[PDB]
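# Commentary on secondary and tertiary structure
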Number of protein chains: 2
Amino acid sequence: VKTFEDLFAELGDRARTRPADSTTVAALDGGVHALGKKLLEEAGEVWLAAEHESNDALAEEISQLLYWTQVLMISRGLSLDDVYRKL
Amino acid sequence: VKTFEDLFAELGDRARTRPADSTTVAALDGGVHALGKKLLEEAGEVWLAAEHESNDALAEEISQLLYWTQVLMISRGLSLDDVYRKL
């Protein structure tokens, strides 16, 4: 993945076409409450790695946080531009 | 801002030139413990907005979470590639 926007396109595609094999689809189907839960937990994990783990370890956790953030966006029907206009 | 990548370049520029007027610069200087705390707190505010606020308010909180995520990246010396390669 080369951009934040490439990831979003890919996740949106999963949301649309609903591949049976997709953990993304399951997560969307699990609903917003569970998505917020996951996002928060991952924030904690990012903090843990920020203080105690290697760059590689932190990059991994940050990548997961970004993932859940975009899944959350999709579940509430937010576009990239909806967020991008606020940055 | 036309990207996550635009913002990251902007924040890197602030880290490089250290403009006196920037709250970003103060955040960088305070170190990683305060940054993780801010990130976790924002993750909470994202969850609050996901369950109980309008798309516009949610987009706002998400913009802030992404800001704090990038500031953390810059603090620890992670590149976009470092994160994206794990996506």
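## Details of the side chain of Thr-3 of chain B
Take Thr-3 of chain B: it is sitting in the segment before α1 (4–17). Judged by its relative accessible area of 14%, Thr-3 of chain B falls in the buried class. When sequence neighbours within four positions are dropped, the list of residues in contact with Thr-3 of chain B reads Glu-5, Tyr-84 and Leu-87 of chain A.

## Quick look at the relation of the copies chain B and chain A
Mapping chain B onto chain A calls for a rotation angle of 180° and an axial translation of 0.0 Å; the resulting RMSD is 0.3 Å. Here the two chains are linked by the operation of a two-fold rotation axis. A share of 100% of interface residues in chain B that are also interface residues in chain A marks the association as one of identical surfaces.

## Quick word on the environment of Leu-11 of chain A
All names here are of chain A. When you line up the elements, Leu-11 lands in helix α1 (residues 4–17). A relative accessible area of 0% means that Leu-11 is categorised as buried. Residues in contact with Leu-11, not counting those within four places in the same chain, are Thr-24, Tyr-67, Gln-70, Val-71 and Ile-74.

## So, the interface of chain B and chain A
With 41 residues of chain B at the interface, the matching set in chain A holds 41 residues. For the pair chain B and chain A, the summed buried area comes to about 3800 Å², and 70% of that belongs to carbon and sulfur atoms. Together, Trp-47, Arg-76 and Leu-87 of chain B form the three largest contributors to the area buried by chain B at its contact with chain A, with a combined 18%. The interface formed by chain B and chain A includes 2 salt bridges. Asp-56 of chain A is the salt-bridge partner of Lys-86 of chain B, the closest N and O atoms lying 2.8 Å from each other. Our count for the chain B to chain A interface comes out at 14 residue pairs in polar contact.

## Some details on the pattern of salt bridges
Residue and element names in this part refer to chain B. Counted under the stated rule, the structure contains 13 salt bridges over all chains. When the shortest N-O distance is used, the salt bridge between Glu-41 and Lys-38 registers 2.7 Å. Taken as a pair, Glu-41 and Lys-38 lie in helix α3 (residues 32–52) at a separation of 3 residues, close to a single helical turn. Here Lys-38 falls in the partly exposed class, since its relative accessible area comes to 30%.

## Quick word on the packing of α1 of chain A against helix α4 (residues 55–75) of chain A
Residue and element names in this part refer to chain A. In the contact formed by α1 and α4, the axes pass within 10 Å of each other and the chain directions differ by 50°. By the angle between their directions, the pair α1 and α4 is classed as oblique. Helix-helix and strand crossings are classified by hand; for α1 and α4 the assignment is right-handed. Residues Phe-4, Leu-7, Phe-8, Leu-11, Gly-12, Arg-14 and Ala-15 of α1 form the contact with α4, whose participating residues are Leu-66, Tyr-67, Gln-70, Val-71, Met-73 and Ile-74. Of the residues contributing to the contact of α1 with α4, the split by class is 10 nonpolar, 2 polar and 1 charged.

## Describing the packing of aromatic side chains
Applying the stated rule across the entire model yields 5 aromatic pairs over all chains. Ring plane angle 35° and centroid distance 6.4 Å describe the contact between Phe-4 of chain A and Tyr-84 of chain A, whose orientation is recorded as tilted. One end of the pair, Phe-4 of chain A, is in helix α1; the other, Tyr-84 of chain A, is in helix α5 (residues 80–84), and 80 residues separate them in sequence. Among the aromatic residues, those joined into a ring-pair cluster are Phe-4 and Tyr-84 of chain A together with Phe-4 and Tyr-84 of chain B.

## Quick look at helix α2 (residues 23–30) of chain B
All names here are of chain B. Among the residues of α2, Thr-24, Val-25, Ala-27 and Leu-28 are the ones counted as buried. What you see down the axis of α2 is that its buried residues fit within an arc of 160°, all on one side. For α2, the exposed residues set more than 90 degrees away from the buried face come down to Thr-23, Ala-26, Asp-29 and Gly-30. On its buried side, α2 packs onto α1, α3 and α4 (55–76). Looking at where α2 begins, the residue whose side-chain oxygen comes 3.0 Å from the main-chain nitrogen of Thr-24 is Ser-22. Directly after α2, the chain includes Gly-31, whose backbone phi takes a positive value near 90°.

Each value, and the rule that gives it
Residues numbered from 1 in each chain as written, not as in the entry; some residues may be left out. Chains lettered and ligands numbered in written order. Heavy atoms only, no water. Helix = DSSP H or I, 4+ residues; strand = E, 2+ residues; numbered from the N terminus. Buried < 20%, exposed > 50% of the residue type's maximum accessible area, 1.4 Å probe, protein only. Contact = heavy atoms within 4.5 Å. Least-squares fit on C-alpha atoms. Buried area = accessible area lost by both parts, 1.4 Å probe. Salt bridge = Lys/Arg side-chain N within 4 Å of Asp/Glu carboxyl O. Polar contact = N/O pair within 3.5 Å; in protein donor to acceptor, adjacent residues only side chain to side chain. Axes fitted to C-alpha atoms, helices over the stretch in contact; angles between N-to-C directions. Parallel < 35°, antiparallel > 145°, perpendicular 65-115°, else oblique. Left-handed = near helix turned anticlockwise from the far one by under 90°. Nonpolar A, V, L, I, M, F, W, Y, C, P; charged D, E, K, R; others polar. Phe/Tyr/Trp six-rings, centres within 6.5 Å; stacked < 30°, edge-to-face > 60°. Arc of directions from axis to C-beta.

Everything listed is a geometric property; what it means functionally is a separate question.
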